[PDB]
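Student: One structure follows; several queries about it will come next.
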Amino acid sequence: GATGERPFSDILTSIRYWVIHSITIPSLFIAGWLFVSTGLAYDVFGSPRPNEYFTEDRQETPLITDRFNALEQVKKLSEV
Amino acid sequence: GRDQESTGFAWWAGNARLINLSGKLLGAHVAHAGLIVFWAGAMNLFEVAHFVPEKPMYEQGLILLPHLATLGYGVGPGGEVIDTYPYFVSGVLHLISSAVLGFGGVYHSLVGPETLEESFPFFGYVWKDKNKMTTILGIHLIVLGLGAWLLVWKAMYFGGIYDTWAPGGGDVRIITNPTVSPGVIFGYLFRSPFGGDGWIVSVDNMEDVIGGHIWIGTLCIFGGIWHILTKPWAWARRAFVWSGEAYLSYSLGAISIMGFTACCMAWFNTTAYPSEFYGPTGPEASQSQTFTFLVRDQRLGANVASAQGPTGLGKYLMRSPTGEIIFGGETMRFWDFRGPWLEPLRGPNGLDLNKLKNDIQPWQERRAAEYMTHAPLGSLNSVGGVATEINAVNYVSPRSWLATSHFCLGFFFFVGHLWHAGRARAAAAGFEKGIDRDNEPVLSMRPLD
Amino acid sequence: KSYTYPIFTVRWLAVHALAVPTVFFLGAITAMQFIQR
Amino acid sequence: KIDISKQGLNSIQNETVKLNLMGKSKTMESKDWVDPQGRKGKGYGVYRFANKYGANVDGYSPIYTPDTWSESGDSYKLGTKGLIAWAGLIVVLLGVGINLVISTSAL
Amino acid sequence: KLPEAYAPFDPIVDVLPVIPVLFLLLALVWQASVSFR
Amino acid sequence: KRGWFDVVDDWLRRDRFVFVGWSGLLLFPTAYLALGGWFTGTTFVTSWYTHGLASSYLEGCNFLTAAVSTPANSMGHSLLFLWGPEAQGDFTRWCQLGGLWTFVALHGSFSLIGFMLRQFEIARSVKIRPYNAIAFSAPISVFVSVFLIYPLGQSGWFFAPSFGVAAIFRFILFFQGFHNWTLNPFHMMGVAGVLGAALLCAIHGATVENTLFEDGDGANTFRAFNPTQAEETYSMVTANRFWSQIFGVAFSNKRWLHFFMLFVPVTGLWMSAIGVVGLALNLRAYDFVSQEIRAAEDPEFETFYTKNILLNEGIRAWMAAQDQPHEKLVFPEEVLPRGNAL
Amino acid sequence: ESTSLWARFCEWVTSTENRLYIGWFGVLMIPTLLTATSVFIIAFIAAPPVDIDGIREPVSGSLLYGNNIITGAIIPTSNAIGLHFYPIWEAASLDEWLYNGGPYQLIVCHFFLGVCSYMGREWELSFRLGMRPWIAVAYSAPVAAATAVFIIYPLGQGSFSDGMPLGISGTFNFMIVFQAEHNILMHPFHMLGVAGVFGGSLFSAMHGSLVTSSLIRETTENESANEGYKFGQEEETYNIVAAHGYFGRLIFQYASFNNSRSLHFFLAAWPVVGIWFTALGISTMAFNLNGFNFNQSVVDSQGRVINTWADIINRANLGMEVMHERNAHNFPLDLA
Ligand SMILES: CCCCCCCCCCCCCCCCCC(=O)OC[C@H](CO[C@@H]1O[C@H](CO[C@H]2O[C@H](CO)[C@H](O)[C@H](O)[C@H]2O)[C@H](O)[C@H](O)[C@H]1O)OC(=O)CCCCCCCCCCCCCCCCC
Ligand code: CLA
Ligand code: CLA
Ligand code: CLA
Ligand SMILES: CCCCCCCCCCCCCCCC(=O)OC[C@H](COP(=O)(O)OC[C@@H](O)CO)OC(=O)CCCCCCCCCCCCCCC
Ligand SMILES: CC1=C(/C=C/C(C)=C/C=C/C(C)=C/C=C/C=C(C)/C=C/C=C(C)/C=C/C2=C(C)CCCC2(C)C)C(C)(C)CCC1
Ligand SMILES: CC1=C(/C=C/C(C)=C/C=C/C(C)=C/C=C/C=C(C)/C=C/C=C(C)/C=C/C2=C(C)CCCC2(C)C)C(C)(C)CCC1
Ligand SMILES: CC1=C(/C=C/C(C)=C/C=C/C(C)=C/C=C/C=C(C)/C=C/C=C(C)/C=C/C2=C(C)CCCC2(C)C)C(C)(C)CCC1
Ligand SMILES: CC/C=C/C/C=C\C/C=C\CCCCCCCC(=O)O
Ligand code: OEX
Ligand SMILES: [Cl-]
Ligand SMILES: [Fe+2]
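Chains as they are written, first to last, in the deposited numbering: chain E, 3 to 82; chain C, 25 to 473; chain F, 5 to 41; chain 7, 32 to 138; chain K, 6 to 42; chain D, 11 to 352; chain A, 9 to 344.
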């Protein structure tokens, strides 16, 4: 039978449900759009922008060679 | 409509609720025909509006326009599009007629008579009434024969059809002497499907096409008249299952065979599918590549006839397994190719060395180069070239699209024929809903070894 | 009879933990389509 | 074994849909019933052992029971004023969102 | 291209061929509205 | 129930829409973190500094070409913690160094452990036998041998599969070119098991659906069933006779039928896992010495095995330069093996 | 009582009391399959080398010519012949017939006819026994796959030499060359087929384990439950309700199958549709409609190329492309 929760068919056909969720879902969509468009995605996760793939120093692909100085090596390779 | 309560058929099998409703079935069929005409007109309008004259037809992803070009509409000598108005006229006519067909279908499906066996006895029928079904079959056979004769009249009196083998380049000819010889017609029909023979796909002139269409029109009209005036014999009543689903399965098998044949004809033929509007075929591109490389290396001072390849067989010219002089390399498998730009250089015993050493024409060279570069290879996202190429060319051959789509359709309709033939044979016998617990057939047989 | 159900349950958290980030990521990916190289 | 009346399918307006959800059909139990293709019925109905086991699989595990639906939720408590406030809020939020999307982009 | 007199109606032509797929989807929608009886 | 353990067990093993159980504490957090790590890596994190590629939607990749990439070969077999001696607490540089792959793998293994534990717990709560929990051992062994044991026997995590579609395709092609994985008898047993399992599934479904019993008057036969009924819904005698006269042999035991159905794919996957474990140490069934010697002495002897050897050689030579940037292989165009005119 | 010779023959042919059903499709099936089996065994044991590429470079595939089971195969027909019909009576001698690859064509044709007749005979016995006739529809998926790899691909590529060899290492070579030329791994239809086989294995194991976990106790601990089941019994031997409860608590209630008929239909439908789509993909790729080509797709601001896993796959394809036939090519493009 039922485990003690409101049926999904009852919830999904509710004026209250569609009044609450006419704000939350578009708000999350706009939040994601603003996260991408404001440049936060590049800075938080360290992805290269199209103009930052190759710098004036090196014109080849990056290569990390040291395991314990890996932090400093990747800091040097990411320099703009 | 109806419901599972009073029918026993679920919503995913709802079209089976109108098996015994003649009026609603007729409405559904008319609406579907309207849909087909609508697609034809809309696609013609879409293709005519996106056509540029600086590129050939096969380079722009068109599949309906080359059908009108082969009928001699808006094309000129050599296979160059001159006028694009008849395509617009055809598309407009199809789109407008689709409205009438759709209105008829909607009327007959919604508010028309539900079962037209009491008010319209001429149009009413019963699936188990063999005479009425045979009469309808004869009427539609007469209609199809009239359509074939209508095609025949175009190539004779109403301007003719495009002939890619016409002297002095391809042009819209008029067919005056069709081949109606029984030996010629029976030769194509009862030919082997293997290489060299090719069954009916190997028809290589428009005279044979027009003669065969005369034959098929006469046969269809005579068969329709024969079926209107007769009823199935005892040997036919003893062999078939007589129900609507059975008739559907028969038609499904027939049109699956038709779809496979259409796929093969699109892939292989060059007469009814001129390379000027569909691009080169499979073998045509390989032959063109070998021809153009031979021409280039000959221009650099080389002996093409006596040149020896890495395997010792011949770089440019070798011998077919029967003796004919053919192009060398891996294109030795495509020596059955026969195209308008290559035939003039071919003698009785194969390619003529002197002809291709002194009498090769610039138009032939240009055709070979163009068909070499536009080979029927591509990817799903429309990237031309082999699978190990880069993203530079947006091209997939119109032959590839038609061949792949129609093979898929033919296979799926063969599967549908299997499903419906099995279901009809089971339902007529009376055990399509399961085994009877009270009387199980297996329990009454002696056990096996 | 009258049926009364709780609003916040374990199922609520299970649904939302997968629904909220999905919509956020879908919005981000949609924004990603209009970036010019 | 199964009581059809206690399966929570009694609050459905459409009689045909209600009969469909319980796995029942009064038409099919008649001995003269003929389906679309033209096959006679043996009087079994939708399910042969409907009396022995109470009901069908449809009447055993339904997935649409309006009886168990909450008494609330079919009427919005906040009324017309709540809907007006929601309309104002959604218009304001849509304007703010489109302004932010336009401003943060490259026009 | 379309004749010069039919140029303004080009956007209408560009969306025509999807109507049969829309028809199949409309049949599904009608069945859903009927509630799959 | 008065003790802390008793009340906690009462709440955890409750009847709910989503069963939590005692194993939920291990399953749900780790599984959620693994899924989130994969989605974040495929959406935002790149692979430029560890592999030299682009593996994110942000950089212009679709669902097929986006992946979470393995660390560089310099890192060896480091577990690459966020607080380890390589990232040193920097989240952005941890993501750039390839630490999300180890994050996802280490959380996914514990999620698999938690899922088998959940299967055991639910089976014991309902008072049935744990054969479904036994059947998960094959997927768990495949995951353990492919993603952990094989990289642990190689240079580093760099040669592990990357969590993506095209990355897995590259892994498969690498296994063909370097290991001759198609010629491994254990892989042959695995292929046989998978294909036989598909055969069994299709044939059992068709045979059951086409030997039904007439329990209703409607053409829709799905509505003539009741789960609490006693009689079987299809004719085992009829099915057995049909398959005895068509094939030659047929099942006469439902329990044996379903145990065979369970047994085939599990054994296939376990055999493939043993093969990959063996391959982790480059113990590859790569060549036949007699065939190589005969082809060397006689320049006329050729079989399909030699052609496959040549294909593997070409794959290795042409993929080595870009697939392994750490080796710094610079190959002049005249040393790469090549055919005539191709 | 039957009296006519034809009536008695028909009664014997359509008899349900035979140890193996013959039928009218079996009349076609038995001789073609026996012919193909005999030729296959004899060629696999003692056949001479076959010139497969038509470049006078014979390839050995027989056990008697220095091969094992893994290496032995039946070499496809010569490239010189192409799609031409090459029956045994079109050769000057059996020595010439065996040198060009006749047995491959013979076996392929007879096998195609035999499998079609096998599916027909499946339908026939289903009809004679009083069953529902769709086990034959299930068999259409492997039949289509075999047809695609043995007939349609040579049909579209212009030669039987591009067909799949009747061996193991030959099969691997076919797969590798197919990947190098069509990028099959990137084809959505191949992805659907892989999903079909993986899901088939998943669901087979799932169903077997769930049924084995709900067996009702009818034996002791010193004997197997298979002895607990009795052939021809009327009562069900396992608890469908218990299995459904376990699965619905494993994932959630409305994910399991409460209907045995629906569950078995799903089991039948998944792998069949998967294999249908993968066979359609092979047949489509026969006419040179390859998979997705995401090569040099990611480009940075200044125009340079940023590589991807697709580009690594492309490098592997280039590696296995320039070597699939060393001496069979004289011109830069493999247009066939
Ligand atoms: C009466 C019952 C049948 C009796 C005979 C049965 C024989 C069975 C033998 C056993 C093997 C199976 C059949 C093999 C067929 C091979 C077809 C082939 O090599 O080629 C096919 C031929 C194409 O012929 C080609 O025709 C060409 C035409 O030539 C000319 O074509 C043009 C003419 O102007 C151009 O000039 C061109 O340059 C020139 O070459 C060439 O001759 C080629 O060499 C020649 O190969 O097509 C055709 O015959 C037309 C279409 C044929 C049918 C459909 C084929 C595809 C479908 C296969 C079956 C179904 C699969 C799906 C379902 C699976 C589950 C059940
Ligand atoms: C539910 C269980 C769970 C489990 C089993 C794991 C498992 C793992 N995590 Mg994950 N994680 C979880 C939930 C979980 N995580 C949660 C909720 C978060 C928050 C988002 C994270 C965030 C996270 C991060 C940020 C990282 C991991 C990583 C890892 C690894 C940690 C390595 C380590 O040294 O542990 C610690 C070692 C232990 C043995 C702990 C047990 C010690 C016992 C309990 C003794 C207690 C005694 C102590 C002296 C007294 C304390 C009591 C007092 C303070 C009250 C391991 C594979 C790492 C990774 O994957 O690297 C690649 C890493 O970078 N996890
Ligand atoms: C190829 C198109 C197609 C066509 C022509 C039909 C035709 C038909 N269907 Mg089938 N059907 C289809 C696909 C199609 N179906 C599909 C894909 C499904 C699966 C969802 C079904 C499932 C199905 C069921 C379950 C049932 C039918 C039934 C019917 C018949 C009765 C119509 C009716 O009562 O309801 C029509 C209902 C409405 C009032 C909706 C009207 C909408 C109109 C028709 C849209 C078309 C208008 C267009 C936009 C403009 C045209 C006007 C013109 C001037 C241009 C009708 C002949 C019924 C039957 O069996 O009859 C006994 C029924 O029970 N069908
Ligand atoms: C639309 C397609 C069509 C269809 C579906 C039918 C359907 C039918 N026909 Mg009709 N028929 C047609 C067109 C069609 N016919 C035409 C065009 C003609 C003129 C030739 C005839 C002449 C005709 C005759 C003379 C007879 C039928 C009969 C029948 C029934 C027997 C089924 C059968 O074929 O046995 C299954 C098929 C076979 C066992 C083998 C047939 C294959 C032939 C022999 C292949 C070679 C073709 C042949 C030699 C013709 C020459 C080729 C051409 C180039 C000249 C069936 C109702 C029979 C009947 O019941 O009449 C009332 C019958 O005796 N038909
Ligand atoms: C004209 C006919 C056309 C088709 C002919 C088909 C011929 C093949 C038949 C094989 C039967 C062998 C079964 C052995 C075992 C046996 O006796 O099976 C009989 C077994 C009996 O089942 P029961 O229900 O009676 O068992 C009761 C339990 O108590 C058992 O413990 O049934 C099955 O398991 C069916 C599965 C067969 C799966 C066989 C697949 C093919 C095997 C691989 C072939 C390799 C060939 C190598 C060549 C070099
Ligand atoms: C019954 C039914 C159904 C079906 C239906 C159908 C199928 C229908 C169809 C219909 C149709 C099929 C229709 C059509 C229409 C059409 C139209 C309406 C047209 C129009 C046109 C126009 C308007 C044009 C114009 C133009 C011109 C003139 C020139 C150029 C330009 C242009 C193009 C603009 C369904 C499924 C729902 C289900 C239920 C039942
Ligand atoms: C136009 C044209 C042409 C012509 C054509 C023609 C003239 C055709 C014809 C055709 C035909 C004329 C066909 C026919 C067909 C037939 C068929 C396909 C049949 C089938 C049959 C069946 C399937 C049967 C079955 C059975 C049996 C065997 C046993 C008992 C039962 C039954 C009866 C069911 C040509 C090529 C010159 C050229 C191009 C164009
Ligand atoms: C990393 C990390 C972390 C974590 C995080 C997380 C947990 C996240 C999550 C996330 C998530 C949770 C996400 C999600 C996403 C999703 C998505 C993105 C989806 C998509 C979808 C789609 C695209 C769909 C599609 C489709 C359609 C539409 C149709 C049909 C089919 C399908 C369904 C496929 C933490 C901070 C703790 C720590 C550190 C590290
Ligand atoms: C090539 C070796 C094979 C031979 C098999 C050939 C034929 C089989 C033998 C007899 C055919 C059936 C004859 C009639 C049997 C009795 C039928 C009856 O009375 O019902
Ligand atoms: O033969 Mn088998 O593989 Ca069909 O592509 Mn061209 O030819 Mn050869 O190369 Mn690639
Ligand atoms: Cl070549
Ligand atoms: Fe089962």
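For each residue, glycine too, the CB sits at the ideal point set by N, CA and C.
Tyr67 (chain D) and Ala77 (chain D): beta carbons closer than 7 angstroms?
Tutor: The residue given as residue 67 (chain D) occupies position 57 in the sixth sequence. The residue given as residue 77 (chain D) occupies position 67 in the sixth sequence. No, these two residues do not count as a Cβ contact at 7 angstroms.
Student: Using DSSP with H/G/I as helix, E/B as strand and the rest coil, what is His430 (chain C)?
Tutor: Here residue 430 (chain C) refers to the residue found at position 406 when the second sequence is read from its first residue. Reduced to three states, the DSSP call for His430 (chain C) is helix.
Student: Around ligand 2, which residues pass a check of Cβ closer than 7 angstroms to any of its heavy atoms?
Tutor: For ligand 2, the selected residues are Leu35 (chain D), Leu36 (chain D), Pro39 (chain D), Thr40 (chain D), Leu43 (chain D), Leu89 (chain D), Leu90 (chain D), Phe91 (chain D), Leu92 (chain D), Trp93 (chain D), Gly109 (chain D), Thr112 (chain D), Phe113 (chain D), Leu116 (chain D), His117 (chain D), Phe120 (chain D).
Student: Using DSSP with H/G/I as helix, E/B as strand and the rest coil, what is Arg343 (chain C)?
Tutor: Locating residue 343 (chain C) in the second sequence gives position 319, where the first residue counts as 1. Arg343 (chain C): strand per DSSP, three-state reduction.
Student: For a test of the three-state rule: what should DSSP assign to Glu389 (chain C), helix, strand or coil?
Tutor: For the purposes of this step, residue 389 (chain C) is taken as residue 365 along the second sequence, with counting starting at 1. Residue state, collapsed to three classes: helix.
Student: Candidates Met396 (chain C), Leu174 (chain C), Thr316 (chain C): which alpha carbon is nearest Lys381 (chain C)'s?
Tutor: Taking the second sequence and counting its residues from 1, one reaches residue 381 (chain C) at position 357. For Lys381 (chain C), the nearest C-alpha among the options comes from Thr316 (chain C).
Student: If we call anything under 7 angstroms between Cβ atoms a contact, is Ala81 (chain A) one with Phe314 (chain D)?
Tutor: Counting from one through the seventh sequence, the residue named residue 81 (chain A) turns up at place 73. Counting from one through the sixth sequence, the residue named residue 314 (chain D) turns up at place 304. Closer than 7 angstroms, so yes.
Student: Report all residues from its chain with a CB closer than 8 angstroms to the CB of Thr57 (chain E); omit the five preceding and five following residues, and keep chain order.
Tutor: For this step, residue 57 (chain E) is matched to residue 55 along the first sequence. So the qualifying residues of the chain are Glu81, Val82.
Student: Name the chain C residues that come within less than 7 angstroms of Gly74 (chain 7), Cβ to Cβ?
Tutor: As a working mapping, residue 74 (chain 7) is identified with position 43 in the fourth sequence. Chain C residues near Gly74 (chain 7): none, gap ~13 angstroms exceeds 7 angstroms.
Student: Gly70 (chain D) to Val306 (chain A), Cα distance in whole Å?
Tutor: Within the sixth sequence, the letter at position 60 stands for residue 70 (chain D). Within the seventh sequence, the letter at position 298 stands for residue 306 (chain A). Cα to Cα, the separation comes out at about 6 angstroms.
Student: Going by C-alpha to C-alpha distance, which of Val345 (chain D), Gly203 (chain D), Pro81 (chain D), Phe252 (chain D) sits closest to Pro335 (chain D)?
Tutor: Counting from 1 along the sixth sequence, the entry for residue 335 (chain D) is found at position 325. Residue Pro81 (chain D) is the option with its Cα nearest to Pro335 (chain D).
Student: Under the rule that 16 or more other beta-carbon atoms within 10 Å means buried, what is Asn293 (chain C), buried or exposed?
Tutor: For this step, residue 293 (chain C) is matched to residue 269 along the second sequence. Buried, by the Cβ-count rule.
Student: Say yes only if the C-beta of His61 (chain D) is nearer than 6 angstroms to one or more non-hydrogen atoms of ligand 3, and no if none qualify.
Tutor: The residue given as residue 61 (chain D) occupies position 51 in the sixth sequence. No, the Cβ of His61 (chain D) stays beyond 6 angstroms of every heavy atom of ligand 3.
Student: Alpha carbon to alpha carbon, how far is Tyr297 (chain C) from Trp173 (chain C)? Give it in angstroms, no decimals.
Tutor: Within the second sequence, residue 173 (chain C) is the residue found at index 149, counting from 1. Within the second sequence, residue 297 (chain C) is the residue found at index 273, counting from 1. So the alpha carbons of these two residues sit roughly 20 angstroms apart.
Student: Are at least three pairs of beta-carbons, each pair with one atom in the segment 169-185 of chain C and one in the segment 281-292 of chain C, less than 8 angstroms apart?
Tutor: Judged by Cβ distances under 8 angstroms, the segment 169-185 of chain C makes no contact with the segment 281-292 of chain C, as fewer than three pairs qualify.
Student: Based on the DSSP secondary-structure assignment, which residues constitute the bridge partners of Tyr246 (chain A)?
Tutor: What you label residue 246 (chain A) is simply residue 238 of the seventh sequence in a count that begins at 1. Note: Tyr246 (chain A) sits in a beta bridge opposite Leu223 (chain A).
Student: Could you have a look at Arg79 (chain 7) and say whether DSSP puts it in helix, strand or coil?
Tutor: Counting from one through the fourth sequence, the residue named residue 79 (chain 7) turns up at place 48. Here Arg79 (chain 7) sits in coil by DSSP.
Student: Measuring only the C-alpha atoms, how far is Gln239 (chain D) from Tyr84 (chain 7)?
Tutor: As a position in the sixth sequence, residue 239 (chain D) is number 229, starting the count at 1. As a position in the fourth sequence, residue 84 (chain 7) is number 53, starting the count at 1. Rounded to the nearest angstrom, the two C-alpha atoms are 7 angstroms apart.
Student: Looking at the unbroken alpha helix (DSSP H) that takes in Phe295 (chain A), where does it start and where does it end?
Tutor: Taking the seventh sequence and counting its residues from 1, one reaches residue 295 (chain A) at position 287. It is not in any alpha helix (DSSP H) - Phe295 (chain A) carries neither H nor E in the DSSP assignment.
Student: Report buried or exposed for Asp16 (chain D), applying the criterion of at least 16 other Cβ atoms within 10 angstroms of its Cβ.
Tutor: Here residue 16 (chain D) is taken as the residue at index 6 of the sixth sequence, counted from 1. So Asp16 (chain D) ends up on the exposed side.
Student: Would you list, in chain order, the members of the segment 104-116 of chain C that have their beta-carbon closer than 8 angstroms to a beta-carbon of chain K?
Tutor: Correct list: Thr108, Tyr109, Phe112.
Student: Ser38 (chain K) versus chain 7: which residues are under 9 angstroms apart at the beta carbon?
Tutor: Looking up residue 38 (chain K) in the fifth sequence gives position 33. Those within 9 angstroms of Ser38 (chain K) in chain 7 number zero; the least Cβ separation is about 12 angstroms.
Student: Taking the alpha helix (DSSP H) that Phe125 (chain D) falls in, what are its first and last residues?
Tutor: Locating residue 125 (chain D) in the sixth sequence gives position 115, where the first residue counts as 1. Looking at the DSSP string, the run of the alpha helix (DSSP H) that includes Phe125 (chain D) is 109-136.
Student: Below 7 angstroms between beta carbons: does that hold for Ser212 (chain A) and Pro275 (chain D)?
Tutor: On the seventh sequence, position 204 is the one that residue 212 (chain A) refers to. On the sixth sequence, position 265 is the one that residue 275 (chain D) refers to. A contact, by the Cβ cut-off of 7 angstroms.
Student: At the level of alpha carbons, what is the spacing between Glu9 (chain K) and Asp15 (chain K)?
Tutor: Start at 1 with the first residue of the fifth sequence, and residue 9 (chain K) comes out as number 4. Start at 1 with the first residue of the fifth sequence, and residue 15 (chain K) comes out as number 10. Looking at the two C-alpha atoms, the distance is approximately 10 angstroms.
Student: How about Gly31 (chain D) and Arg23 (chain D): do their beta carbons lie closer than 7 angstroms?
Tutor: On the sixth sequence, residue 31 (chain D) is found 21 positions in, with the first residue counted as 1. On the sixth sequence, residue 23 (chain D) is found 13 positions in, with the first residue counted as 1. Yes; because the gap between Cβ atoms is below 7 angstroms, this pair is in contact.
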